[PDB]
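Undergrad: Here's a structure for you.
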Amino acid sequence: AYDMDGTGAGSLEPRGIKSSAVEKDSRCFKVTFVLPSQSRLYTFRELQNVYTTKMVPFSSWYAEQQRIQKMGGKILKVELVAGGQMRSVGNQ
Amino acid sequence: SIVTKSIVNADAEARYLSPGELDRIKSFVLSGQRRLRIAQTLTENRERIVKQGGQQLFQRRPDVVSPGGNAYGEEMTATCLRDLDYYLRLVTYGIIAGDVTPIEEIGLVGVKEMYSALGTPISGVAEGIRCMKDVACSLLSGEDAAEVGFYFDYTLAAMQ
Amino acid sequence: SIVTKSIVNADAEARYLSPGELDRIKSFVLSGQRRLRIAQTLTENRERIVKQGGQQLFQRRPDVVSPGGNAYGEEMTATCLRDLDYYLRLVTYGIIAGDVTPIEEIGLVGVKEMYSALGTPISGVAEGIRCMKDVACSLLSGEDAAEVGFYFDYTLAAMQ
Amino acid sequence: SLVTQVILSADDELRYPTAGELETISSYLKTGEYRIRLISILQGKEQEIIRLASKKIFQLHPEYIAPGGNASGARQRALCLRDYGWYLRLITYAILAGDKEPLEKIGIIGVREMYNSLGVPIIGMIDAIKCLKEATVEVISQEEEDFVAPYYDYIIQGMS
Amino acid sequence: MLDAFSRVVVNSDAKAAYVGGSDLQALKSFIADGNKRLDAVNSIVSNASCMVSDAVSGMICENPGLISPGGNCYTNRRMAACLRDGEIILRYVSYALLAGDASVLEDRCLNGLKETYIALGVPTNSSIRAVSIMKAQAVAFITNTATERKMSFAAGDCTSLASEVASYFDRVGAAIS
Amino acid sequence: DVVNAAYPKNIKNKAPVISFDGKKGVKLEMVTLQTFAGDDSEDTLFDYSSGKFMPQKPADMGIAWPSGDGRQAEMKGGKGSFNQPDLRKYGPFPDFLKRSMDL
Amino acid sequence: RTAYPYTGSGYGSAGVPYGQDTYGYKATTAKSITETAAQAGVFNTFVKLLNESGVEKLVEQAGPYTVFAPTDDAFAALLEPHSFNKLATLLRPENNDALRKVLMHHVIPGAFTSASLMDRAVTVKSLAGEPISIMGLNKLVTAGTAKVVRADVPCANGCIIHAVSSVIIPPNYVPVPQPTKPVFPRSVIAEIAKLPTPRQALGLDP
Amino acid sequence: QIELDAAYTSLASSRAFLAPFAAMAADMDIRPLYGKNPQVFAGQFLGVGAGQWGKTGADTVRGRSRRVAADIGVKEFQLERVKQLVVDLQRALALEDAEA
Amino acid sequence: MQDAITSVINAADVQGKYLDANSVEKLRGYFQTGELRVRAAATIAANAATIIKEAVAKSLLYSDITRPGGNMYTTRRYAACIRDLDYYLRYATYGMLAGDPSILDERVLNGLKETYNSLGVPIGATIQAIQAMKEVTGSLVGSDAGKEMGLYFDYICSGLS
Amino acid sequence: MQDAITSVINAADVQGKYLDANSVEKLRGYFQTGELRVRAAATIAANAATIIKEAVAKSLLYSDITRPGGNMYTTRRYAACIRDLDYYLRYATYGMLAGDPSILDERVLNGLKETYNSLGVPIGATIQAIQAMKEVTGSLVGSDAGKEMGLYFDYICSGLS
Amino acid sequence: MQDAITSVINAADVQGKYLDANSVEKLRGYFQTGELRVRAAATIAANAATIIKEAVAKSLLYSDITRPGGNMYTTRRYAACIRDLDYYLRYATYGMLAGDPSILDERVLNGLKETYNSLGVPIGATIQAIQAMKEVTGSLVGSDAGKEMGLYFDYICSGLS
Ligand SMILES: C=CC1=C(C)[C@@H](Cc2[nH]c(/C=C3N=C(/C=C4\NC(=O)[C@H](C)[C@H]4CC)C(C)=C\3CCC(=O)O)c(CCC(=O)O)c2C)NC1=O
Ligand SMILES: C=CC1=C(C)[C@@H](Cc2[nH]c(/C=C3N=C(/C=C4\NC(=O)[C@H](C)[C@H]4CC)C(C)=C\3CCC(=O)O)c(CCC(=O)O)c2C)NC1=O
Ligand SMILES: C=CC1=C(C)[C@@H](Cc2[nH]c(/C=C3N=C(/C=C4\NC(=O)[C@H](C)[C@H]4CC)C(C)=C\3CCC(=O)O)c(CCC(=O)O)c2C)NC1=O
Ligand SMILES: C=CC1=C(C)[C@@H](Cc2[nH]c(/C=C3N=C(/C=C4\NC(=O)[C@H](C)[C@H]4CC)C(C)=C\3CCC(=O)O)c(CCC(=O)O)c2C)NC1=O
Ligand SMILES: CCC1=C(C)/C(=C/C2=NC(=C\c3[nH]c(/C=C4\NC(=O)[C@H](C)[C@H]4CC)c(C)c3CCC(=O)O)/C(CCC(=O)O)=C2C)NC1=O
Ligand SMILES: CCC1=C(C)/C(=C/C2=NC(=C\c3[nH]c(/C=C4\NC(=O)[C@H](C)[C@H]4CC)c(C)c3CCC(=O)O)/C(CCC(=O)O)=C2C)NC1=O
Ligand SMILES: CCC1=C(C)/C(=C/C2=NC(=C\c3[nH]c(/C=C4\NC(=O)[C@H](C)[C@H]4CC)c(C)c3CCC(=O)O)/C(CCC(=O)O)=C2C)NC1=O
Ligand SMILES: CCC1=C(C)/C(=C/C2=NC(=C\c3[nH]c(/C=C4\NC(=O)[C@H](C)[C@H]4CC)c(C)c3CCC(=O)O)/C(CCC(=O)O)=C2C)NC1=O
Ligand SMILES: CCC1=C(C)/C(=C/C2=NC(=C\c3[nH]c(/C=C4\NC(=O)[C@H](C)[C@H]4CC)c(C)c3CCC(=O)O)/C(CCC(=O)O)=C2C)NC1=O
C-alpha cells in the first residue's frame, strides 16, 4: 500500500526511499531542475536535454528529489500545484 | 469516503462512474440516516468506551502500566488513554464516511514509525483498540455491531 | 568481508581495483593475525559473555522474563539465551571478515519481520546485545575494545 | 579522496558507514602526513623529473619531434613539458587523497577524445606516462616509489 | 438600477443564455428566505432615526476636532447636513438590502460622493466612522443582539443577511475612501 | 576624544533654572534636564540573547552553491615549473561550473 | 493571414513555435508572497508585521491565496481619530494575539483576480475565521473597506496580491483594553451592605 | 516577556487537550507486571539502572505538557539574563550622575 | 480532492473537535441531495457525446475560429476541442457528485489558463462553449439538478477566465 | 561533494600549482582530527534512533504542532518527521567525517526551505528540533566532537532559515 | 520541424487556399538549390571531425579556458566540448538541407542559453567557436554553400546569445 508500513532498518525489504504519501495520493509538484548526466563520457550514448520542468506526484517527489541530487543535479524551483496543506482527509 | 474514492477510481480510468459505482453512492446516501445514528451512539459514550477500554487494556497488559512500562505513572496513563480517545474518534469518522479512508491517512499511515519512535509497544496499543471494540459492540444491536466492530478490526489489522 | 565487497564494488564499475582498494586488502591481510586473536578471545568466553549477557538483560528488562513476557519459564529463557549465542557468534564472524557482511545477511536482514512475527520485543533483544557488549569489551584491551564493541553497536543500530 | 568514496558509497544505501568502512577512513587518516611528506619530495623534483621524461619519450619516439610530427616546433614542445607538469601535479593530488579520482575526474575521463581532436597519438601519450613513471624511479628511493607506483600504472590502464 | 433577480439576468445576457434550471435554484432560494429579508429590513428602518444620531455622535466623541471651530461639524447648518447624509446612506443601504444587489448603492449613493467630499472639504476618515457604526449596528439588529432593544422574531439563523448588510457598508466605505 | 577635562562630572547641571512662585524669591535650581536621547551605538555591553538563535548562512557564491567552489577564492601556495601562459584570456570566469574540479 | 496565430510544429502550424517560445510547460519566475512584496518597496510595514507576528509562515504556504496587503500609506493612514481607538492598543508588545487575527483577515483562500470579479459580489471568510465580502462592480473591486489600489500581482503558488488603501479590521473584533490596575475593595462592610438581603427582596424592608 | 506569556498559554492549551483522557484513565485499573512488590523479578527496574536518572529528574518524563515546560525554562532563562543586565546598566547610569 | 463529507470532516477535525450539530447539519443537507446528484450524473453519462455535440454547434460551430486561421481549424485542432470539452463535462460531473469543487482546481484549473495562453487558445470562446454546455446540461437533468451541475461549470469558467 | 582533502586539492589545483606548505598544513590539521571524527560517527550510528527520540521529546513533542491542527498531527505527518529528522542527523554525520559542508547544500539544503514553504512545514519548529538534536549530540560524542558535529547542524539551520 | 516545403505548405494551408503562383515560386527556388545543399551536406559529413578540430584550435584551443580554472579544463569538460560542438555542426547541416531553421530552436536553441548559465558555460567563447566553425565550413562547401550553411550558424549564435 503506502510506503510506511513498518519498514525501517533491519527489515526484509531493502532499506530504501520511504515517502509520506497516503493511499492513491493526488498531490503533485511542479519542479524545475538541471541534471547533468556525468556518465556520457564513458558510455557515449546520445545526448538528451537535462533542463526539465515537469509535474511529479507527491507520492514520488521525495524519491525524485532525493535522486536529482544523487547525480549532482540542482533544483531551481519546486511548487505544490495540486493538493491542499495541513489537510487530514482528502489527499487521496 | 466511498464517494471520493469511487470517483478517483473512475477518475484514473478516464471514464465516468458505472452503475456499479453509481448504484452504491445511491445506496450509501440512503444509508446515511442509519450511519449518523451509529456514530451518534459512540459520540457521547466516549467516557465509558475509553475508560472501560483502558480497563481491559491494563488487566491484559499490566507491563505497559507497571514501573518500566511506557504508560507508567499519572502522566503517561493519561496519554495512555488519550490515544484511545483518538482512535475511537477516527472510528466515528470511518462510520460516517463509510470507509477507513479517514482512519487510513490519520492514525494508520506510518503508525508503526511513530510508536516505534516513541518506545511504545505497538502490539500493546493494538490490544487497547480490541478492548474498546468489545465495549463498543456491547452498546449496539447485532446489525450495528457488525459495522462498529468492523472498523476496529481493520485498525487492528493495520496496527501490526 | 572487505575482500568480497571491494571486489563487487569494482566489479560493478567495469574496472579493476584502485590503490585505495588494493592497499587495504593488503592492509587487511596483515591485520589478519590480530583479528584471529580477537575472535579467539570471544570464542571460548561464550559461557561468560552469554550468561552474563543475559544477566544484565533480565536485570534491565524484567518484563520479558516475568509471567507474560516472551521469555517466560524454563523453556523460553533457554531460547532467550540461545539468540544471544547466535549474535555473539556472528560478531566473531564479522571480526574475522573485517565487516558486518556476515552479520548483515545473517541476523540482520529482515530481523524485524522475524521478531515481530514471533511476538518478541525487538527492543528487548537490542538491550540484550548491549549487555553482551559491556562484557565483551571488558575482556579485551582498549585497542581491541574499539573493534569488538564496534560490531555490537552496528547490530544495535540495525536492530531498531 | 578516500573518505569521500566512503561517504558516497554509504550514502546510496541510506545508512551510516559500517565497521569495515570506518577502518578504511581511520587507517587512511593515520597514514596522513606520509603522503604529505611525500608530495613535498615530488614537488621539489618536478623540474627534476620532467626533464628526464623528455629524455626517453623522444629518443623512443622521434616521429613526434621530427618535422611533420605533432610536437615539431618550439611552442608545440613548450606545452609538451606543460602536460607533464599537469600530470605530475595531478599525481601529487592522487598520492595525497589516497585513491584515483583526482587522476580520474581530471586527466583520464575522456582523455582520448581530447588528444584525438588535438592530433596527439594516444598510444604515444601512454608511453609518455610510462616514460614519466620510468623517470620518477631515479629521483626516488625504493621505500616510497612502490607507494607511488600504483598511481602511475592506473593512468596507463585508464588511457587504453 | 438592478436587484437580485435582474443581476442574474444581465449575467445571463453576458453568456447569451436563457435563465434555465441552474440559475433558478439561486433565485428560488432567494425567495425562500424572502420572509427573512423583509424581517431584516424592518429591523433597520424601525430604528433608523435613532441609529443616525447614534452613529454621528459616536464619530464626534472619537474625533472631536469636527465640532472644533474651523472643523466640519462646527456650524449648526453644517451639523444638520451631517445628520442628513448619515441617513441618506442608510436609505440607500436599506434599498440595497431590499433589492439584494448593490447597483443602486453604486449608481446613486456612491456616484460621485468621493469627489463630492473632496470638493466640500469633508474629512473622509470620519465619513468612514459615520458609515461603519451603522455597519456595526445593522449587524447587531439583524442578528437581534443589540444590547438595549430586542425585537420579536420567529427564531432561526440570520447570519447571511448580517454579512450581506456588512458587505454593502464596505462598498460604501471603500468608494469614499 | 575625551578632551573634556574642562568639563568634569558637573557638566549639565544647568544652574540658572529659576522659578519665582510669585513676587518672592527666585528659588534657584540645578536640575540636570536630559535630552530626547537614545545614544546611537551598536553591540553594547552584554549579549541580551537567550536561545532562539540559528541565523547564520554563508554568502551567495553566484550560480554554483555557497562555499562549494572556493577553489577560485583561495590564496595559493605554488604554480609549477613549466606553465605556458594563456594568450587568449576570454574574461575571468564565475568559477566555470557548479561542478568542481573533482566532479 | 489570421492574427490570432498559434503554437506547434510540423504541418498545420502557423510559423510560431509551441507555447510561443518553444516551452510547453514554462517554469515560473515569480517569487512567493512576502518577497514579491519585499521587492515592491511599498509593502514594508506589511512584510515586517508578518515577520514579527508569525503570520508570515501562514502566507508562505502553497495554498492559493488572495492577499490584500495594504501599502504603508494605508498603515500610515491608521492615524484616524476613529481608527486609532481600536488599533493603537496593538502597538503594545504583549498584544501580538490580536495582531495575528487582524493580519490574518487579509488572506483569502483562493485566487480571486480582479478580472474574475466582473460585476460579482461573493463573500468568504479569511484564514482568521470570519467572513469578508469581496465586491467587484464598476471595476471598483472592494474587500470590506479596502478600495483596492493596484489590480493584481502574480505570485509563486498561483497566489495573487492586491494593494489596498486601508487596513481591514475583522467584523467581530473588539479592541483590547489598555493595561489597568487590579483594584480591590477596601472594606468588607461596604459590600455586605451592598448585597440585598432576602428580607429586602420580598419587600419586607425598605 | 510577551513570548514567555505565549508559552504559558500553550501549556494551558496542552493540558486541556489531554484532560478528557487524563481523568478518564484516573479511574482505570492499571496493574503493572513488575516494579512494585519485591517478590517479582524486575531486573533494572528495582530502581532505575546505571545513569538513566538524568541531570534533573523531570527530563526523563515524556509528555506534551512536560515538553512545553522545558520550552518555558529555556525562555525564562533568557528573560532573567537580560533583566539582570538592566540592573548593572542602571547602576552605571546612577554612578555617573554623582559627577555633575 | 475532498467531497462535501471530506470537507465537513476536515473543518471539524482541523479544530480537533467532534462533529457537532452544525457539522452534521450540513452533512444531512448533502445526504438529502444525494438522490438528485446520481440521477444527474446518470443522464450526463448517457448523453455525454450528445451534450458536447449540442454545445459546439450552438456556441462556436460556425464562427471563424472554425474557419481557416481561426483557432480550431485543422482536424487535429478540432478533435482536441471535443476531447477538451469532454473533460469539462466530465470533471463537472465529478464535482456534482462530490459536492465540492476541490477536484476541479486540483486536476483542471491549475496550469489551465497558463496553458491556453501558451498554445494561444482563445479563453473567450472557451468559456462560451462551457456556458453553452452548461445550458444544455440544464435541459437534461432538470432545473435544480442543472443548478447543481451549473454551479461547477461557471466555477471552471471563473477560474479559467 | 568534496571533503576537506578534496577541497584542499581543488583550491591547490584551481591555481595550477602543487600542494605547497599551506595546502598540506590544513591537510595535516584534518588528519589530526581523523581519529576524533570516526568515533564521533561511530556512536552517532549506534544511537541514531535514541538521539532523534530525545530531540523531539525535548523540543516539539508536546507543543500544539503535535496536537490537532498543528503541523505534525496525523500519523503520516508525525512519521514523516522522524524520517525527516533522520536525514539531518545522518547528513550531519557525513559532513562531520568529510570535514566539509558541501554535501549538505548539495543534497539537503537546495530546494529545502523552498519545499517546506510549499508543504507549509514550520521552519521555526524545524530549526529548534535540529538545535535540540544538536544538544543531545554533544552529549554522546563529547565536547570537541560535539563542536564538530554541532558545526554542521547550525549550517543546516542557517541555510534552512 | 518544418523544411522549406513544409513551411510553404503550412502557410498556404493555414489560409485554406491552394498553392498559388507565389507559394510555388518559392518552392521552385528551393528545388533549384536542392543540388547545392546535398553536396554541402556531403562534404560536411566527411570532414565532421576535421572541421571541429580546426575550429577549436583556431578559436579557443590555447586560451585560458583551456588552462586550469578555465571552463574547459578537465578531460570530461574538454570532451564535452567536441561532443557539444558536434551538435552545432550537425544540426546546422540539417537546417541547410531542410532550408528552414525551425529544427534548431525546436531541438537545440530552447533551454540552451538557460542551460549554459546553469552549468556556467561561457556563452562568449561558445559563439566564437561556432563563428570559427562557420569560417572553416565556408572553406569546404564553397562560397554560396558556405553562405547557406553559414546562415544557420549565426542563427544558433543569435539565439544562443
Ligand atoms: C445622493 C447622494 C447624497 C449624499 C451622500 C449626501 C451627502 C452630502 N452632504 C453635503 C453637504 C455636507 N455634508 C456634510 C457631511 C459631513 N461632514 C462631516 O464632517 C461628516 C463626516 C459628514 C456627515 C456625516 C457637511 C458638513 C455638509 C455641509 C457643507 C456646507 O453646508 O457647506 C452635500 C453637498 C450638498 C450641498 O451642500 O449643496 C452632499 C451631496 N447628500 C446627497 O444628496
Ligand atoms: C463617545 C461617544 C460614544 C457613543 C454615543 C457610543 C456610540 C456607539 N454605539 C455603538 C453600538 C451600537 N449603537 C447602537 C445604537 C442605538 N442603540 C439603540 O438601541 C438605538 C436604536 C440607538 C440609540 C438611539 C446599537 C444598537 C449598537 C449595537 C449594540 C447594542 O447597543 O445593543 C458603537 C459602535 C461600537 C463601538 O465602537 O463601541 C458606537 C461608537 N459609543 C461611544 O464611544
Ligand atoms: C519677587 C520678585 C520680583 C519681581 C519679578 C519683580 C517684579 C516687579 N517689578 C516691579 C516694578 C518695575 N518693573 C519694571 C521692569 C519693566 N517694566 C517695563 O516696562 C519693562 C518692560 C520691564 C524691564 C525689563 C519697571 C520699569 C518697574 C517700575 C520701577 C521700579 O520699581 O523699579 C514691581 C513693583 C510693582 C508695583 O509697584 O506694584 C514688581 C513686584 N520685582 C520683584 O520684587
Ligand atoms: C492602547 C494605547 C495606549 C495609550 C494611549 C497609552 C495610554 C497610557 N498611558 C499610561 C501612562 C502614562 N502616560 C503618561 C503621559 C502623559 N501624562 C502627562 O502628564 C502628559 C500630559 C502625557 C504625555 C504627553 C505618563 C507620564 C504615564 C506614566 C507612566 C510613564 O511615565 O511611563 C498608561 C498606564 C496607566 C497607568 O498605569 O496609570 C496607559 C494605558 N498606553 C497605551 O498602551
Ligand atoms: C535529504 C534532504 C531532504 C529533506 C530534509 C527532505 C524533506 C521532505 N519533507 C517532507 C514532508 C514532511 N516533513 C514534515 C516535518 C515536520 N513537521 C513538523 O512539525 C516539524 C517542524 C518537522 C519535523 C522536524 C512533515 C509533517 C511532512 C509531511 C507533510 C504532508 O504530508 O503534507 C517531504 C514530502 C514527501 C515525503 O515526506 O515523502 C520531503 C520531500 N527531502 C530531502 O531530500
Ligand atoms: C542467527 C540469527 C538468528 C536469530 C536471532 C534467530 C532467532 C529465533 N528466535 C526464536 C525464538 C524465541 N526467541 C525468544 C527471544 C527472546 N525473548 C525475550 O524475552 C528476549 C527479549 C529475547 C532474547 C534476548 C523467545 C521467547 C522465543 C520462543 C518464542 C515462542 O516459543 O513462541 C526462533 C524460533 C525457535 C528456533 O528455531 O530457535 C528463531 C528461529 N534465528 C536466527 O537464525
Ligand atoms: C590536466 C589534463 C590536461 C591535458 C593533458 C591537456 C592537454 C592539451 N594538449 C594540447 C596540445 C598539444 N599537445 C601536444 C603534446 C605532445 N606532443 C608529443 O610529442 C608528446 C607525447 C605530447 C606531450 C607530452 C602537441 C604537439 C600539441 C599541439 C597540437 C597542435 O595544436 O598543433 C592542448 C591544446 C592547448 C594547449 O596546448 O594547452 C590541450 C588542452 N589539457 C588538460 O586539461
Ligand atoms: C490520531 C492518530 C494519532 C495517534 C494514535 C497519536 C499518538 C501520540 N502518542 C503520543 C505519546 C504517548 N503514547 C503513549 C501510549 C501508550 N502507552 C502504553 O503503555 C500503551 C500501550 C499506549 C496507549 C494505549 C505514552 C506512554 C506516550 C508518552 C511517551 C513519552 O512521554 O515518552 C504522542 C506524543 C505526545 C502527544 O503529542 O500526544 C503522540 C503524538 N497522534 C495521533 O495523531
Ligand atoms: C542538441 C542541442 C543541445 C546542446 C547544445 C546541449 C548541451 C549540453 N552541454 C553540456 C555540458 C558542457 N558543455 C561544455 C562546453 C563548452 N565549454 C567551453 O569552454 C566552450 C565555450 C564550450 C564548447 C563549445 C562543457 C565543458 C560541459 C561540461 C560542464 C560540466 O561538467 O560542468 C550538458 C550537460 C550534460 C552532458 O554534457 O552530458 C548539456 C546537456 N544539449 C543539447 O541537447
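Chain labels run A, B, ... following the order of the C-alpha cells; each chain numbers its residues from 1, and ligands are numbered from 1 in the order shown.
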Counting only C-alpha atoms and all ligand atoms, what residues are within 8 Å of ligand 7, given as a PyMOL selection string?

TA: (chain D and resi 54+57-58+61+64-65+69-72+76-77+79-84+86-87+90+106-108+111+114-115+118-121+124-125+127-128) or (chain F and resi 84) or (chain K and resi 57+61-63+66-68+72-75+78)

Undergrad: Please give chain J as a short mmCIF file (atom, residue, chain, number, x, y, z; two decimals) with C-alpha atoms, in the first residue's frame, after it has been superposed on chain I by least squares over all Cα atoms paired in order.

TA:
```
data_model
loop_
_atom_site.label_atom_id
_atom_site.label_comp_id
_atom_site.auth_asym_id
_atom_site.auth_seq_id
_atom_site.Cartn_x
_atom_site.Cartn_y
_atom_site.Cartn_z
CA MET J 1 -9.71 16.11 -3.58
CA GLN J 2 -12.44 16.39 -0.98
CA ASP J 3 -16.16 15.80 -1.24
CA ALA J 4 -18.76 17.52 0.93
CA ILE J 5 -18.26 14.88 3.62
CA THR J 6 -14.48 15.17 3.39
CA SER J 7 -14.63 18.95 3.65
CA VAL J 8 -17.01 18.74 6.61
CA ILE J 9 -14.78 16.22 8.35
CA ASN J 10 -11.67 18.29 7.65
CA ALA J 11 -13.03 21.51 9.13
CA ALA J 12 -14.41 19.64 12.13
CA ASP J 13 -11.10 17.80 12.52
CA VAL J 14 -8.84 20.80 11.94
CA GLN J 15 -10.16 22.31 15.17
CA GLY J 16 -9.78 18.96 16.93
CA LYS J 17 -13.45 18.85 17.90
CA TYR J 18 -16.11 16.26 17.25
CA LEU J 19 -18.86 16.52 14.66
CA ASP J 20 -21.22 18.91 16.46
CA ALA J 21 -24.73 19.86 15.39
CA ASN J 22 -23.55 22.37 12.79
CA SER J 23 -21.18 19.95 11.07
CA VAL J 24 -23.82 17.21 10.88
CA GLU J 25 -26.38 19.83 9.83
CA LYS J 26 -24.59 20.35 6.51
CA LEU J 27 -23.95 16.61 6.17
CA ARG J 28 -27.67 15.95 6.42
CA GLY J 29 -28.13 18.62 3.77
CA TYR J 30 -25.75 16.76 1.49
CA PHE J 31 -27.42 13.38 2.03
CA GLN J 32 -30.78 14.90 1.09
CA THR J 33 -29.44 15.84 -2.34
CA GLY J 34 -27.63 12.52 -2.72
CA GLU J 35 -30.54 11.10 -4.69
CA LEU J 36 -30.60 14.07 -7.05
CA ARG J 37 -26.90 14.02 -7.89
CA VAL J 38 -26.73 10.38 -9.01
CA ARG J 39 -29.61 10.74 -11.46
CA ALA J 40 -27.97 13.95 -12.66
CA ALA J 41 -24.70 12.10 -13.13
CA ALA J 42 -26.66 9.22 -14.65
CA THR J 43 -28.12 11.07 -17.62
CA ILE J 44 -24.94 13.07 -18.20
CA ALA J 45 -23.00 9.84 -18.63
CA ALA J 46 -25.58 8.67 -21.17
CA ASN J 47 -25.69 11.87 -23.23
CA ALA J 48 -22.02 12.83 -22.97
CA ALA J 49 -21.39 12.88 -26.72
CA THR J 50 -24.79 14.43 -27.41
CA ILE J 51 -24.25 17.29 -24.96
CA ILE J 52 -20.86 18.21 -26.39
CA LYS J 53 -22.24 18.00 -29.92
CA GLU J 54 -25.01 20.37 -28.90
CA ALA J 55 -22.72 22.89 -27.21
CA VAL J 56 -20.20 23.30 -30.02
CA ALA J 57 -22.94 23.58 -32.64
CA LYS J 58 -24.69 26.20 -30.51
CA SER J 59 -21.70 28.34 -29.48
CA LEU J 60 -18.65 28.07 -31.74
CA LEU J 61 -19.53 25.76 -34.63
CA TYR J 62 -19.71 28.28 -37.47
CA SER J 63 -17.70 31.17 -36.06
CA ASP J 64 -14.45 31.99 -37.78
CA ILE J 65 -12.38 30.08 -35.23
CA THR J 66 -13.85 27.15 -37.15
CA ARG J 67 -12.72 28.59 -40.49
CA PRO J 68 -9.10 28.80 -41.69
CA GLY J 69 -6.89 30.87 -39.45
CA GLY J 70 -9.30 30.50 -36.55
CA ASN J 71 -8.22 28.57 -33.50
CA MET J 72 -9.82 25.36 -34.30
CA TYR J 73 -9.17 24.99 -37.99
CA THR J 74 -7.22 21.77 -38.54
CA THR J 75 -8.77 18.39 -37.77
CA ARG J 76 -6.21 17.72 -35.05
CA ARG J 77 -7.18 21.05 -33.55
CA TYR J 78 -10.89 20.41 -33.92
CA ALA J 79 -10.52 16.93 -32.44
CA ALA J 80 -8.65 18.40 -29.48
CA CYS J 81 -11.69 20.54 -28.69
CA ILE J 82 -14.25 17.78 -28.16
CA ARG J 83 -11.53 15.93 -26.30
CA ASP J 84 -11.05 19.11 -24.31
CA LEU J 85 -14.75 19.79 -23.79
CA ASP J 86 -15.19 16.21 -22.60
CA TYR J 87 -13.09 16.92 -19.52
CA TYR J 88 -15.16 19.96 -18.58
CA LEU J 89 -18.38 18.00 -18.85
CA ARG J 90 -16.74 15.06 -17.08
CA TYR J 91 -14.97 16.80 -14.21
CA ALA J 92 -18.05 18.93 -13.64
CA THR J 93 -19.92 15.66 -13.20
CA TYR J 94 -17.41 14.69 -10.51
CA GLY J 95 -17.90 17.99 -8.70
CA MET J 96 -21.65 17.50 -8.89
CA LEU J 97 -21.36 14.13 -7.14
CA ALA J 98 -18.68 15.09 -4.63
CA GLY J 99 -20.48 18.34 -3.85
CA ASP J 100 -17.22 20.22 -3.68
CA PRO J 101 -15.25 21.94 -6.45
CA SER J 102 -11.87 21.00 -4.96
CA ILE J 103 -11.32 18.37 -7.65
CA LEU J 104 -11.65 20.96 -10.41
CA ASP J 105 -8.80 23.26 -9.42
CA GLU J 106 -6.80 20.24 -8.26
CA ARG J 107 -6.99 18.49 -11.62
CA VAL J 108 -8.34 21.01 -14.16
CA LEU J 109 -7.92 24.63 -13.17
CA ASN J 110 -4.28 24.75 -12.08
CA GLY J 111 -1.99 25.50 -15.00
CA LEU J 112 -5.00 25.66 -17.32
CA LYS J 113 -5.28 29.35 -18.19
CA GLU J 114 -1.49 29.42 -18.16
CA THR J 115 -1.55 26.58 -20.68
CA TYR J 116 -4.10 28.05 -23.10
CA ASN J 117 -2.05 31.25 -23.26
CA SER J 118 0.95 29.14 -24.24
CA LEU J 119 -0.92 27.35 -27.02
CA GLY J 120 -2.79 30.53 -27.89
CA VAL J 121 -6.20 29.00 -27.21
CA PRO J 122 -8.90 31.70 -27.00
CA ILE J 123 -10.19 31.79 -23.44
CA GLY J 124 -13.18 33.84 -24.59
CA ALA J 125 -14.54 31.20 -26.93
CA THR J 126 -13.72 28.50 -24.37
CA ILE J 127 -15.95 29.95 -21.66
CA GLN J 128 -18.85 30.47 -24.05
CA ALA J 129 -18.54 26.84 -25.08
CA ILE J 130 -18.76 25.85 -21.43
CA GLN J 131 -21.62 28.30 -20.93
CA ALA J 132 -23.48 26.74 -23.85
CA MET J 133 -22.56 23.33 -22.49
CA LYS J 134 -23.99 24.44 -19.15
CA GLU J 135 -27.17 25.48 -20.93
CA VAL J 136 -27.79 22.07 -22.47
CA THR J 137 -26.93 20.30 -19.22
CA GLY J 138 -29.81 22.11 -17.53
CA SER J 139 -32.04 20.69 -20.25
CA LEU J 140 -31.33 17.06 -19.34
CA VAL J 141 -31.00 16.91 -15.55
CA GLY J 142 -33.80 19.39 -14.89
CA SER J 143 -33.86 22.73 -13.13
CA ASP J 144 -32.39 22.15 -9.67
CA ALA J 145 -30.01 19.46 -10.89
CA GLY J 146 -29.00 21.86 -13.63
CA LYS J 147 -28.48 24.41 -10.86
CA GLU J 148 -26.10 21.94 -9.22
CA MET J 149 -24.23 20.91 -12.36
CA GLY J 150 -24.33 24.52 -13.49
CA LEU J 151 -22.75 25.63 -10.23
CA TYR J 152 -19.49 23.90 -11.16
CA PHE J 153 -19.44 24.95 -14.82
CA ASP J 154 -19.11 28.64 -14.01
CA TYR J 155 -16.58 27.70 -11.34
CA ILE J 156 -14.48 26.39 -14.22
CA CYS J 157 -15.34 29.47 -16.28
CA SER J 158 -14.46 31.79 -13.40
CA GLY J 159 -11.05 30.30 -12.68
CA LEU J 160 -10.28 29.72 -16.35
CA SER J 161 -11.01 33.40 -17.00
#
```

Undergrad: Enumerate as a list in words all residues of chain A assigned to alpha helix (DSSP H) by DSSP on the backbone, naming them with the chain letters and numbers the document uses.

TA: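 Put together, the selection reads residues 40, 41, 42, 43, 61, 62, 63, 64, 65, 66, 67 and 68 of chain A.
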
Undergrad: For N, CA and C atoms, I'd like the residues from the last selection saved as a short mmCIF file (atom, residue, chain, number, x, y, z; two decimals), in the first residue's frame.

TA:
```cif
data_model
loop_
_atom_site.label_atom_id
_atom_site.label_comp_id
_atom_site.auth_asym_id
_atom_site.auth_seq_id
_atom_site.Cartn_x
_atom_site.Cartn_y
_atom_site.Cartn_z
N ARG A 40 28.16 10.27 -19.61
CA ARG A 40 28.14 10.12 -21.06
C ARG A 40 29.53 9.91 -21.64
N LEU A 41 30.58 10.22 -20.90
CA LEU A 41 31.92 10.23 -21.46
C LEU A 41 32.60 8.88 -21.38
N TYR A 42 31.99 7.90 -20.73
CA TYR A 42 32.44 6.52 -20.85
C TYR A 42 31.36 5.62 -21.40
N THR A 43 30.14 6.12 -21.59
CA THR A 43 29.09 5.37 -22.24
C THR A 43 28.85 5.80 -23.67
N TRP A 61 7.72 12.53 -5.20
CA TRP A 61 8.59 13.69 -5.30
C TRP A 61 9.84 13.49 -4.47
N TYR A 62 9.69 12.92 -3.28
CA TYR A 62 10.82 12.79 -2.38
C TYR A 62 11.87 11.87 -2.96
N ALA A 63 11.45 10.76 -3.57
CA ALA A 63 12.39 9.87 -4.23
C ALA A 63 13.08 10.59 -5.38
N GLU A 64 12.31 11.33 -6.17
CA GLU A 64 12.89 12.06 -7.29
C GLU A 64 13.78 13.19 -6.80
N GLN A 65 13.33 13.94 -5.80
CA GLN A 65 14.18 14.99 -5.27
C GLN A 65 15.38 14.42 -4.55
N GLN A 66 15.24 13.25 -3.94
CA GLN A 66 16.40 12.61 -3.36
C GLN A 66 17.37 12.10 -4.40
N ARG A 67 16.88 11.80 -5.61
CA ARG A 67 17.72 11.25 -6.66
C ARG A 67 18.34 12.32 -7.54
N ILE A 68 17.65 13.46 -7.71
CA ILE A 68 18.16 14.53 -8.57
C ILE A 68 19.46 15.08 -8.01
#
```
